[PDB]
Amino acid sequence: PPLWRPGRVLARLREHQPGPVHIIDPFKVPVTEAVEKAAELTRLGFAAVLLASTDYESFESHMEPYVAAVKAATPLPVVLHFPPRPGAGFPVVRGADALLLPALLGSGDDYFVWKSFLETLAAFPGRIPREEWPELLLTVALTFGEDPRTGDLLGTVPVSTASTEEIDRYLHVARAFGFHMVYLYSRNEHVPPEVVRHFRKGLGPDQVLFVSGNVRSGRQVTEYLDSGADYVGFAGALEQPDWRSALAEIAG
């Protein structure tokens, strides 16, 4: 089992062509809706299906069968992305293909910078057989713009874009530490395309670059891909009744 070493999911993400990736928030989207959506993501040619949320409760009982339902609807890898909690580490269920592990390098709390990784691995393998564990995508996770919700929960401070001083320290770490991916997110604003370009230029060729937050149009997805993003994530745009139209436009 690869665990923290590169595996099948990371290989797929590295080799697939860049594009949009829909993120289903499993604690807001009913499982029947997730299944309907998952069937469409496959036809569009997305690289993976992310299940992600800032908030979660009764994770294992909700997510094991949620992941199973989604996996019965799409052959794409199902990747989980959730924040860790002291005393538990990151949440995990059998059946997920991978867990995206965010090292929040901009956080003022060392547990969220990386000690959560130590707690998670200490607890491994736990209740899930070693051979059945998801792979781990080690990721540098950075936040942009005013965001007191993530700041209060995880201790993050928005990355300064007044100069490249802070981001260059994060690129040195991403490279020296051999992170698999970088995830640039903005809860309330937009990650600047020029920051995406700076990261693409500074990262190694096998490091995968995700950008998400308030992406709601195909124009935005194109602009981020043109700026160097490997994957452009979007959740909220499809959390409405007319999601099929929205999905077509964003993926068009």
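In case it trips you up, residue 1 is the first one in the sequence shown, and so on.
Averaged over Cα atoms, the B-factor as recorded in the entry is higher for 67 to 75 than for the other of 67 to 75 and 118 to 126. Set 94 to 102 against 175 to 183 and average the Cα temperature factors; 94 to 102 ends up higher. In the deposited coordinates, the residue among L154, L142, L137, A162 with the greatest CA B-factor is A162.
The deposited CA B-factor of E239 belongs to the middle third of values across its chain.
Among the modelled residues of the chain, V113 sits in the lowest third by CA temperature factor in this PDB entry.
Sorting the modelled residues of the chain by their CA temperature factor places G87 in the highest third.
Sorting the modelled residues of the chain by their CA temperature factor places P26 in the lowest third.
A47: CA B factor in the lowest third of modelled residues in this chain (values from the PDB entry).
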